[PDB]
Structures are given as structure tokens and as C-alpha cells.
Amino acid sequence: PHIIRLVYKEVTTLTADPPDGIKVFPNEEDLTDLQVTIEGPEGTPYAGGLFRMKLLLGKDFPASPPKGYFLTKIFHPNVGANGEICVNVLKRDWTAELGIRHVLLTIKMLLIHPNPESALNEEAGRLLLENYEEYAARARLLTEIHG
């Protein structure tokens, strides 16, 4: 619809003026399955990694936040076994004025600062809290394997 234009504008800006560490590859025929890559931010267990995700603008978008999925296997509290990403702040604070650039920046932030309260990976959530050195070593080891 006319939303297609609004996203075409933002996505085109995203490819031209990309956020640091984030590259967006939309197919012009498919502007609702956005292939994205996030580099593991320096200082995180994911440093040096290349993380392929897909951003799925839902049917109720942009009144509900888009759903993000990691294609790269990752050990992260907010990522499920299918690769699903849970950004609770986005769920809780979502308004239409939040651009796609914001979602992608938020997902990048979550890699740096997971949220164990709403963890899809229980074990990662526990480890982040109970034994941090062990969560970081596993996230780092799995980054080396799949990053």
C-alpha cells in the first residue's frame, strides 16, 4: 500500500546511509522480507562475528513491531531455537514513529545488552545472571563456529 512507499523511503535510506555495523539487502521485488547482517560489536562475546537476520514486516505493521529472525545460529538470551529475536522494549514501547532503522539499532543493542527477564533461551538467560564468564565463553565459542 502507501506503507510500501514509506518503507521504500526508509529502506532506501538504510542502504544508502547504513548504521555502523549494519548492512541491509532488500530485494526490490520483496520489500517485506528484509535480509540484514549485523556485525558482532567489539567488546561483546559476538565480536568478529557476521550475523545474518531477516526482518519480517508483519501483517499488522506498522501498528505492531516487525518480527526479527536470526539466520545465524547464536547463543543469546533473547533468541529462540528457531532464531527468533524478542526485543521486549520494542513490544512494550512500540509506536509507528519508530523507524526500521530504530528496530535494527535496537536488535544490535540487545546483542550488547541482553535482557534475561524475557529470555527465549533459558540457559543463556540463567548463565548471563548466575555465571557470566560462562555465558560469554559459550557465546564467544558459538560466534567462532557460526559467525
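Numbers for residues come from their place in the sequence shown, where the first is 1.
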Average Cα temperature factor in the PDB entry - higher stretch of 120-128, 19-27:
19-27
Stretch with the higher entry mean CA B-factor, where the candidates are 43-51 and 94-102
94-102
Most elevated Cα B-factor in the entry, residues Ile107, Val79, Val89, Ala63:
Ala63
Lowest, middle or highest third of the chain for the C-alpha temperature factor of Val36?
middle
CA B-factor placement of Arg140, once the chain's modelled residues are sorted into thirds
middle
Would you mind ranking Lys59 by its C-alpha B-factor against the rest of the chain and naming the third, lowest, middle or highest?
highest
